[PDB]
$ cat target-v2.pdb   # PDB, C-alpha atoms
ATOM      1  CA  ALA A   1     -13.155   5.880  -0.344  1.00  0.00           C
ATOM      2  CA  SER A   2     -11.865   3.111   1.958  1.00  0.00           C
ATOM      3  CA  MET A   3      -8.844   2.637  -0.337  1.00  0.00           C
ATOM      4  CA  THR A   4      -6.853   5.407   1.387  1.00  0.00           C
ATOM      5  CA  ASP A   5      -6.392   2.842   4.187  1.00  0.00           C
ATOM      6  CA  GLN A   6      -5.066  -0.107   2.146  1.00  0.00           C
ATOM      7  CA  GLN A   7      -2.746   2.376   0.392  1.00  0.00           C
ATOM      8  CA  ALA A   8      -0.602   2.989   3.497  1.00  0.00           C
ATOM      9  CA  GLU A   9      -0.860  -0.539   4.948  1.00  0.00           C
ATOM     10  CA  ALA A  10      -0.143  -2.068   1.516  1.00  0.00           C
ATOM     11  CA  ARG A  11       3.531  -0.995   1.603  1.00  0.00           C
ATOM     12  CA  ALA A  12       3.951  -0.712   5.392  1.00  0.00           C
ATOM     13  CA  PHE A  13       3.294  -4.469   5.699  1.00  0.00           C
ATOM     14  CA  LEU A  14       6.997  -4.808   4.791  1.00  0.00           C
ATOM     15  CA  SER A  15      10.236  -2.834   5.257  1.00  0.00           C
ATOM     16  CA  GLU A  16      10.895   0.222   3.055  1.00  0.00           C
ATOM     17  CA  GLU A  17      13.688  -1.880   1.507  1.00  0.00           C
ATOM     18  CA  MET A  18      11.169  -3.978  -0.462  1.00  0.00           C
ATOM     19  CA  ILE A  19       9.359  -0.866  -1.741  1.00  0.00           C
ATOM     20  CA  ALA A  20      12.624   0.048  -3.502  1.00  0.00           C
ATOM     21  CA  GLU A  21      12.397  -3.372  -5.188  1.00  0.00           C
ATOM     22  CA  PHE A  22       8.974  -2.629  -6.720  1.00  0.00           C
ATOM     23  CA  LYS A  23      10.385   0.709  -7.937  1.00  0.00           C
ATOM     24  CA  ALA A  24      12.620  -0.530 -10.781  1.00  0.00           C
ATOM     25  CA  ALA A  25      10.022  -3.269 -11.375  1.00  0.00           C
ATOM     26  CA  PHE A  26       6.908  -1.055 -11.220  1.00  0.00           C
ATOM     27  CA  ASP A  27       8.572   1.702 -13.283  1.00  0.00           C
ATOM     28  CA  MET A  28       9.082  -0.948 -15.991  1.00  0.00           C
ATOM     29  CA  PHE A  29       5.854   0.443 -17.496  1.00  0.00           C
ATOM     30  CA  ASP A  30       6.040   4.091 -16.365  1.00  0.00           C
ATOM     31  CA  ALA A  31       7.420   5.364 -19.699  1.00  0.00           C
ATOM     32  CA  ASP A  32       4.505   7.839 -19.767  1.00  0.00           C
ATOM     33  CA  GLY A  33       3.349   7.735 -16.126  1.00  0.00           C
ATOM     34  CA  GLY A  34       6.604   7.988 -14.140  1.00  0.00           C
ATOM     35  CA  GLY A  35       4.733   7.145 -10.918  1.00  0.00           C
ATOM     36  CA  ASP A  36       1.813   5.166 -12.394  1.00  0.00           C
ATOM     37  CA  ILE A  37       1.603   2.612 -15.232  1.00  0.00           C
ATOM     38  CA  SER A  38      -1.484   2.059 -17.418  1.00  0.00           C
ATOM     39  CA  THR A  39      -4.070   0.053 -15.443  1.00  0.00           C
ATOM     40  CA  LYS A  40      -3.839  -2.443 -18.331  1.00  0.00           C
ATOM     41  CA  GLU A  41      -0.159  -3.083 -17.519  1.00  0.00           C
ATOM     42  CA  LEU A  42      -0.978  -3.321 -13.790  1.00  0.00           C
ATOM     43  CA  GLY A  43      -1.171  -7.126 -14.107  1.00  0.00           C
ATOM     44  CA  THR A  44       2.358  -7.515 -15.524  1.00  0.00           C
ATOM     45  CA  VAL A  45       3.992  -5.260 -12.902  1.00  0.00           C
ATOM     46  CA  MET A  46       2.648  -7.362  -9.993  1.00  0.00           C
ATOM     47  CA  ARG A  47       2.925 -10.622 -11.979  1.00  0.00           C
ATOM     48  CA  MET A  48       6.529 -10.171 -13.184  1.00  0.00           C
ATOM     49  CA  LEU A  49       7.368  -9.437  -9.529  1.00  0.00           C
ATOM     50  CA  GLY A  50       6.676 -13.058  -8.512  1.00  0.00           C
ATOM     51  CA  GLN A  51       2.861 -13.155  -8.183  1.00  0.00           C
ATOM     52  CA  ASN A  52      -0.057 -14.018 -10.501  1.00  0.00           C
ATOM     53  CA  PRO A  53      -2.917 -11.559 -10.986  1.00  0.00           C
ATOM     54  CA  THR A  54      -5.962 -13.362 -12.437  1.00  0.00           C
ATOM     55  CA  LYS A  55      -7.988 -11.531 -15.115  1.00  0.00           C
ATOM     56  CA  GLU A  56     -11.299 -11.643 -13.208  1.00  0.00           C
ATOM     57  CA  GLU A  57      -9.416 -10.424 -10.111  1.00  0.00           C
ATOM     58  CA  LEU A  58      -7.063  -8.016 -11.923  1.00  0.00           C
ATOM     59  CA  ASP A  59     -10.169  -6.531 -13.584  1.00  0.00           C
ATOM     60  CA  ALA A  60     -11.881  -5.828 -10.240  1.00  0.00           C
ATOM     61  CA  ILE A  61      -8.788  -3.973  -8.972  1.00  0.00           C
ATOM     62  CA  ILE A  62      -8.218  -1.912 -12.140  1.00  0.00           C
ATOM     63  CA  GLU A  63     -11.851  -0.768 -12.468  1.00  0.00           C
ATOM     64  CA  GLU A  64     -11.598  -0.107  -8.711  1.00  0.00           C
ATOM     65  CA  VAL A  65      -8.316   1.850  -8.860  1.00  0.00           C
ATOM     66  CA  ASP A  66      -9.310   3.232 -12.285  1.00  0.00           C
ATOM     67  CA  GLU A  67     -12.480   5.064 -11.170  1.00  0.00           C
ATOM     68  CA  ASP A  68     -10.204   7.389  -9.161  1.00  0.00           C
ATOM     69  CA  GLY A  69     -10.264   9.680 -12.221  1.00  0.00           C
ATOM     70  CA  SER A  70      -6.679   8.869 -13.268  1.00  0.00           C
ATOM     71  CA  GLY A  71      -7.134   5.888 -15.617  1.00  0.00           C
ATOM     72  CA  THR A  72      -3.840   4.386 -14.390  1.00  0.00           C
ATOM     73  CA  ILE A  73      -2.492   3.105 -11.049  1.00  0.00           C
ATOM     74  CA  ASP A  74      -0.245   4.925  -8.544  1.00  0.00           C
ATOM     75  CA  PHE A  75       2.831   3.298  -6.959  1.00  0.00           C
ATOM     76  CA  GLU A  76       1.668   3.685  -3.341  1.00  0.00           C
ATOM     77  CA  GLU A  77      -1.931   2.857  -4.324  1.00  0.00           C
ATOM     78  CA  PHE A  78      -0.595  -0.051  -6.418  1.00  0.00           C
ATOM     79  CA  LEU A  79       1.327  -1.543  -3.460  1.00  0.00           C
ATOM     80  CA  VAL A  80      -1.937  -3.051  -2.164  1.00  0.00           C
ATOM     81  CA  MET A  81      -2.169  -4.995  -5.449  1.00  0.00           C
ATOM     82  CA  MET A  82       1.305  -6.325  -4.569  1.00  0.00           C
ATOM     83  CA  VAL A  83       0.998  -7.599  -0.975  1.00  0.00           C
ATOM     84  CA  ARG A  84      -2.703  -8.457  -1.387  1.00  0.00           C
ATOM     85  CA  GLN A  85      -1.602 -10.875  -4.129  1.00  0.00           C
ATOM     86  CA  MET A  86       1.768 -11.759  -2.570  1.00  0.00           C
ATOM     87  CA  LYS A  87      -0.143 -12.519   0.648  1.00  0.00           C
ATOM     88  CA  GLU A  88      -0.354 -16.035  -0.828  1.00  0.00           C
ATOM     89  CA  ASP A  89       3.064 -16.237  -2.533  1.00  0.00           C
ATOM     90  CA  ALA A  90       4.715 -14.585   0.495  1.00  0.00           C
TER      91      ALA A  90
END
$ encode --input "target-v2.pdb" --output "structure tokens"
Amino acid sequence: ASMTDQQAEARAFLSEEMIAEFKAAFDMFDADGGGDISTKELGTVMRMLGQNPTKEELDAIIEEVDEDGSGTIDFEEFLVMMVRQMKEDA
């Protein structure tokens, strides 16, 4: 899919330092994923970080990153959901 592109540019848009910030924050819901929280909790991880994922929008991303055959979201693949939304708050 064309997501493999926004997966590397989603975290590269900033310095690796920030990525470490989303670690303790993104892992806040990785009690059973470790490197990926339930797509349902994908709105709180990016929202509690300082952004605001809308349901209609958060739903399009989940179903989009959920059809990968995993059911949840990956850290690197989730980054896009961070900058893409922070693009306005940043």
$ residues_near_point --input "target-v2.pdb" --point "(6.7, 4.1, -15.6)" --cutoff "12 Å" --atoms "only C-alpha atoms" --output "PyMOL selection string"
chain A and resi 22-39+41-42+45+72-75
$ closest_residue --input "target-v2.pdb" --among "A:90, A:79, A:3, A:65" --to "residue 20 in chain A" --atoms "only C-alpha atoms"
A:79
$ resolve_selection --input "target-v2.pdb" --expression "the PyMOL selection byres ((chain A and resi 51) around 10)" --output "compact mmCIF listing (two decimals) with C-alpha atoms, keeping the file's coordinate frame"
# COMPACT_ATOMS: atom_id res chain seq x y z
CA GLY A 43 -1.17 -7.13 -14.11
CA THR A 44 2.36 -7.52 -15.52
CA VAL A 45 3.99 -5.26 -12.90
CA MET A 46 2.65 -7.36 -9.99
CA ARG A 47 2.92 -10.62 -11.98
CA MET A 48 6.53 -10.17 -13.18
CA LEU A 49 7.37 -9.44 -9.53
CA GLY A 50 6.68 -13.06 -8.51
CA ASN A 52 -0.06 -14.02 -10.50
CA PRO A 53 -2.92 -11.56 -10.99
CA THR A 54 -5.96 -13.36 -12.44
CA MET A 81 -2.17 -5.00 -5.45
CA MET A 82 1.30 -6.32 -4.57
CA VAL A 83 1.00 -7.60 -0.98
CA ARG A 84 -2.70 -8.46 -1.39
CA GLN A 85 -1.60 -10.88 -4.13
CA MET A 86 1.77 -11.76 -2.57
CA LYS A 87 -0.14 -12.52 0.65
CA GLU A 88 -0.35 -16.04 -0.83
CA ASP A 89 3.06 -16.24 -2.53
CA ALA A 90 4.72 -14.58 0.50
$ atom_distance --input "target-v2.pdb" --atom1 "CA of residue 16 in chain A" --atom2 "CA of residue 59 in chain A"
27.7 Å
$ atom_distance --input "target-v2.pdb" --atom1 "CA of residue 8 in chain A" --atom2 "CA of residue 40 in chain A"
22.7 Å
$ closest_residue --input "target-v2.pdb" --among "A:66, A:13, A:19, A:7" --to "residue 78 in chain A" --atoms "all atoms listed in the file"
A:7
$ atom_distance --input "target-v2.pdb" --atom1 "CA of residue 18 in chain A" --atom2 "CA of residue 4 in chain A"
20.4 Å
$ closest_residue --input "target-v2.pdb" --among "A:77, A:12, A:6, A:17" --to "residue 62 in chain A" --atoms "all atoms listed in the file"
A:77
